[PDB]
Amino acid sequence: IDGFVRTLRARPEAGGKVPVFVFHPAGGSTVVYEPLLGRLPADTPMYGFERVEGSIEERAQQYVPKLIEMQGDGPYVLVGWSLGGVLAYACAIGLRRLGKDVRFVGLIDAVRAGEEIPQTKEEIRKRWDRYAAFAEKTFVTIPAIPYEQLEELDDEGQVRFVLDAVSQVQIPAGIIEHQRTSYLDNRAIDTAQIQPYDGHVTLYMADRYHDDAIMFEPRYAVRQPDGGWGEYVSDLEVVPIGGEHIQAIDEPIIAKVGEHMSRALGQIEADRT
C-alpha cells in the first residue's frame, strides 16, 4: 500500500504486460478487484487507486499525474466498478487530453440513473426528506428539517451538518466514518458531470441496481440500454452480464467480465508486438 495506490499484482522490474488500473467502488477499496484479477491472464499487473477528495475532475487531477508517473505514454487500461467506473472514465479523458495512449476503458456496471438526478435546492429537500423518513422508521420522530442551512452546503457540509445536529446522540467513530464516506462516494456518482470521450469504452451491464441502491435514489430503478453513456461515447460496446449491480464484481459473474476483458488485453498485447 503506497499512498492511494494499492499493488494487487506488481509489474516486473522492467518490461512485462500492460498493467490494469482499477479504481475503488463507492464505500469500498480496490481489494474487491481480486476475483477479476484471478480471471485475467497470468502475469497481468494490477494497481488499484483508492479514495481521494473532491469533485470527479478534482480527483482525476490527483490520479492522472500518478498514472503517468507509473506508465508514461501508455498504453493505459482503466477499469472500474461502481464509482470506480466514473473515476476510470474521467482519467481516460484527462490522459487522452495530454496526448497519452488510452487503449481500454472498462466500466463494470457503472450505470447512470435512468432519469437525470437534478442538482437543485428542491432535490436537497427531497433527498433529506427521504433520509429523515428512513431515520424515523429504523430508529424516533424527526423535527422540521432546517432546509435553509442544508441547501447552501455541499454534500460533505450537509452530512457533517446533520451529524453535528445528531450529536447535540452517540455514534461510534468507525461507523460514522464508514457511512459518511459511503454516502459521499455515492453522491459523487450522482453529481458526476460526464464529458465526451472519443475512445472505445466497454460497459459490462448488469440487469438492475440492487434494492438498497434503489431505496436511496429511486431513479436508479430504471436504466437505459446504453446505461446513460451513449450520448457521451460514440464508440461504445455493451457486454450484458445479467444479475444485480452488487453481484457484478463477484464470482460467478466476474468470470464473464474477465473472459471478455482477457480477450481485449490479449489484442492489446499482440498490437504491441
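For the two forms, the rigid core is made up of the largest set of C-alpha atoms that agree within 1.5 Å on superposition. We number the residues from 1 along the sequence you see.
Structural divergence in 5 other deposited structures of this protein between 74-82 and 124-132: following superposition by the core, 124-132 has C-alpha atoms lying farther from the shown form.
Checked against the other entries of this protein, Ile142 counts as unresolved in at least one third of those spanning it.
Of the other compared PDB entries of this protein that include residues on both sides, all give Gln195 atoms, none of them, and so not a third, leaving it without. Deposited sequence between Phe134 and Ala135: no residues lack coordinates (chain continuous). Per the record, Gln168 and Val169 are separated by a gap of 1 to 3 residues from the deposited sequence that were not modelled. Checked against the record, the higher mean CA B factor of 153-161 and 186-194 lies with 153-161. A summary of the deposited B-factors shows that, of 196-204 and 140-148, the stretch with the larger mean C-alpha value is 140-148. In this structure the maximum Cα B-factor among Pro19, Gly258, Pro25, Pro12 is found at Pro12. When the Cα B-factors of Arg112, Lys126, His178, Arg103 are read from the PDB record, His178 comes out highest.
Annotation for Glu34: C-alpha temperature factor in the lowest third relative to the rest of the modelled chain, per the entry. When all modelled residues of the chain are sorted by CA temperature factor, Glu237 is found within the middle third. Among the modelled residues of its chain, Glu244 has a C-alpha B-factor that falls in the lowest third according to the deposited record. Residue-level temperature factors show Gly227 in the middle third of its chain, judged at the C-alpha atom. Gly48 sits in the lowest third of its chain by CA B factor, as recorded in the PDB entry.
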